[PDB]
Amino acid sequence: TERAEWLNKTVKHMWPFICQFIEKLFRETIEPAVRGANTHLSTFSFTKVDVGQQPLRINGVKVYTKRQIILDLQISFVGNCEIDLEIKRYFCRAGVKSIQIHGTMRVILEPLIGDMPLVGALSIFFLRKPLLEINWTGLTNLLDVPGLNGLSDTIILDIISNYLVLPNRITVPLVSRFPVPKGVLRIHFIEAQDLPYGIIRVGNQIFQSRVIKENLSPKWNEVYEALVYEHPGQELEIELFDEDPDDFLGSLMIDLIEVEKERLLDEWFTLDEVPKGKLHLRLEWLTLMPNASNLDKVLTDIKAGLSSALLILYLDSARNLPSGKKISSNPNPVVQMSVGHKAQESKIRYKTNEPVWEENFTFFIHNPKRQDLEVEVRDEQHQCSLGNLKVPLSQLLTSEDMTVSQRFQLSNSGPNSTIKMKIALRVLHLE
């Protein structure tokens, strides 16, 4: 690890421009995230974002040791600030008057290109869990808002802490969204020994096993598949519990870089923060393949549920949806998407026959040779159908990069009703 005071002087000179970016980040990225987390937060807004005149400091730089460049920067930020919020519906005002931030900030240079500026984009995020301290003014006002009766000073610290780590990241294009995951982690939650149920976490993905009663060394034999978007830096987190009426039985933390190198591993892990306990796991790092050359063997191997492929859907927009002339006759378009059993929904657009979503959706696929994509456009206002689309996934198998991008014609709709999507397929293969 090296020092870079020249980097500190650079940051110091850049500070007013960094502050401008932070303000933009708060108002155009963070604020919509807060507002859409709870219906009672719809009138939330930042009224002032001032982070002070003292810049963040970089205390150490290490290049992490193949088409990417990994830089680990030890960051320290201590300063007085004024970040004010307001929830007008409840006449609630509060603010942050000082912040402390200590942790390792990860900067990934990817992809490398054979022309200047040599780096296509930057990815900025914090490793592990960053250490933060936050002092409030009028915190009791925020905690009195209904729907937030579950929040505390502590809980807010955790939420903000988690907001700074993967899969969240600042993406910075250098030569001019919709990222394909760098891998899929298949988790065989097999067995334990000395001590019950388990909680399995990969980023925002949470799995909870079933409970076995009156049994030390229980057999769960469950399987979870988790998406990994940015690598390296995501981790596997496991916590085991017994029901008390909460009984902590041990924890596990696994850096995914280890799973990534040795593609497959089947080991017993000793539990942390506990005198006695071992956990039996089988971990598999699956590569997203842009062709179906391995599909034939993958299907055979899966037989004797499990996924052989991944569907990535970009919902762009739709036009000429069934409607009348006037706006009161216009629908509130929402899209339902499913491949077999699991269904997902887009956000709702209002009083329009030309809705724009630009939202991303991913579906795990058992067998793309036998499964169909079903897209259904509905009106939330009148509770009726505006059109539907059926896409056999086999159509993707024969497409270049296994992707299809167009404005599809809607069935059972208007004469010229269309929906614009980009649908992509990836085969999940070991090694």
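Numbering starts at 1 and follows the sequence shown.
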Residues without coordinates, deposited sequence, stretch from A304 to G305: is the count none, 1 to 3, 4 to 9, or 10 or more? 4 to 9
Please count the deposited residues lying between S176 and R177 that the model leaves without coordinates, and give the class: none, 1 to 3, 4 to 9, or 10 or more. 4 to 9
Between 104 to 112 and 264 to 272, which has the higher average C-alpha B-factor in the PDB entry? 264 to 272
Assert higher mean C-alpha B factor (396 to 404 or 22 to 30, deposited values) equals 396 to 404
Among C92, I99, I312, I327, where is the Cα B factor highest in this entry? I327
Among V228, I206, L118, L122, the highest C-alpha B-factor in the PDB entry belongs to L118
Going by the entry, which third of its chain does the Cα temperature factor of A424 land in? middle
Should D84 be placed in the lowest, middle or highest third of its chain by the C-alpha B factor in the entry? lowest
Tertile call for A4 (CA temperature factor, within chain, third-based) is the middle
Among the chain's modelled residues, which third holds the C-alpha B-factor of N59? middle
Taking the C-alpha B-factors as the PDB entry records them, is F77 in the lowest, middle or highest third of its chain? middle
